[PDB]
């Protein structure tokens, strides 16, 4: 077809990102996957006169043991001009949502000849006994941001009929995926979904359950004892004192009073009636999320994760520190009982998903893990068509006891 010209943001140049060493099993997978796409004409081998490069790797889904190729276009997406797909606040409320992989569709459409160069990538060789296998896309790449954009039109068409004949269903496209939500009980939903697949299969883009707003923010509950020790109170006061950054109405003087005097931690203390009121009053303020927090579209979304141990993990999406748009806990997946990275990645995924559903926008992550560790194994358990941004941190001890609530 006639290709739409794509260009890089002004001044910017193509990505020259290095490839991470890939394991044996996945090298072949890629090589296999690639010699084939070459035949089909999707990609073409390049030379040395091309200095750009992007990382690639392969992942696997369930019931789909067959390897799937994945490219890290984060840098490129960042340098690619902007365009054009709107976000509905509908699926936020739906009773159920289903995600569909519609990346294939893109490979049909061609990519502007002079932009192709930028899509260069490399299949590495074990022990560098061979030079890499340089390729470059000729079609629309998957996971690239311009792709769902350029394929917009055709997409709209393709759907309109399922659309117009089922305005009781929401359809959201975020890159290689499509989110399909309905309040229709599972029976008609699943069936209506499968029907939708066919509708697409019919055109040839092939497609192989969630529960929105079931995602309610978690409360911060304060412990209750029949008797409180010096220690108990101490821990309690600290908690609140910190918590007063979210709710300015929390007060800690009455309790702080009982703590005057160098007594033993084990020592037991009886609450003065004034401390009983203060506390009771605090329990109230905590019964609901702070007032005045409203999502701003022009600012980045942020997600912090804390390791709580025992397989537990807590998190907070916010734009301004202490004004969380949503917060939550997450208990490890049955079977990751021995490794954090597995868990942490899974976690990173669910959260990004909700972010998408809700604000159709991915959060930048602050990860409680050493970069080295992350970079070595995150791919071994990834399973999304997209890759969010992230940085690595040192969990303040406090923000951790708090959310433990």
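Only the largest set of C-alpha atoms that superpose within 1.5 Å between the two forms is called the rigid core. Positions refer to the first chain, counted from 1.
Of the stretches 227-235 and 136-144, which sits farther from where it is here in 7 other deposited structures of this protein, on average over its Cα atoms, after fitting the core? Clearly, after the core fit, the stretch farther away in 7 other deposited structures of this protein is 227-235.
Greater root mean square CA deviation, 321-329 compared with 279-287 in 7 other deposited structures of this protein, core aligned: The answer is 279-287, which departs more from the shown form in 7 other deposited structures of this protein.
Check this for me: in at least a third of the other entries compared, is residue 336 absent while its neighbours are modelled? Missing in at least a third of the others, so yes.
Is residue 366 unresolved, in the sense of carrying no coordinates, in at least a third of the other compared entries? Counting only entries that model residues on both sides, residue 366 is resolved in every one of them.
Going by the record, give me the number of deposited-sequence residues missing between residue 83 and residue 84 as none, 1 to 3, 4 to 9, or 10 or more. Missing residues, residue 83 to residue 84: 4 to 9.
Might you work out how many residues are unmodelled in the deposited sequence between residue 187 and residue 188, and answer none, 1 to 3, 4 to 9, or 10 or more? Per the deposited record, the segment joining residue 187 and residue 188 has no missing residues.
Per the entry, higher mean C-alpha B factor between 334-342 and 30-38: Looking at the recorded C-alpha B-factors, 334-342 comes out higher on average.
Per the record, averaged over C-alpha atoms, which has the higher B-factor: 112-120 or 190-198? Mean CA B-factor is higher for 190-198.
Highest recorded Cα temperature factor - choice among 89, 133, 268, 305: In this record, 89 carries the highest C-alpha B-factor of the candidates.
Residue, from 75, 281, 232, 209, that the PDB entry assigns the highest Cα B-factor: Of 75, 281, 232, 209, 209 has the highest C-alpha B-factor.
Ranked by Cα temperature factor within the chain, is residue 45 in the lowest third, the middle third or the highest third? For residue 45, the deposited C-alpha B-factor lands in the lowest third.
Record-listed C-alpha B factor of residue 315: chain third: Lowest third - that is where residue 315 ends up once the chain's C-alpha B-factors are sorted.
With respect to C-alpha B-factor, does residue 385 fall in the lowest, middle or highest third of the chain as deposited? Its C-alpha B-factor, which the entry lists for residue 385, ranks in the middle third among residues of this chain.
CA B-factor ranking of residue 182, expressed as a third of its chain: For residue 182, the deposited C-alpha B-factor lands in the highest third.
By the record's CA B-factor, is residue 155 among the lowest, middle or highest third of residues in the chain? Highest third, going by the recorded CA B-factors of the chain.
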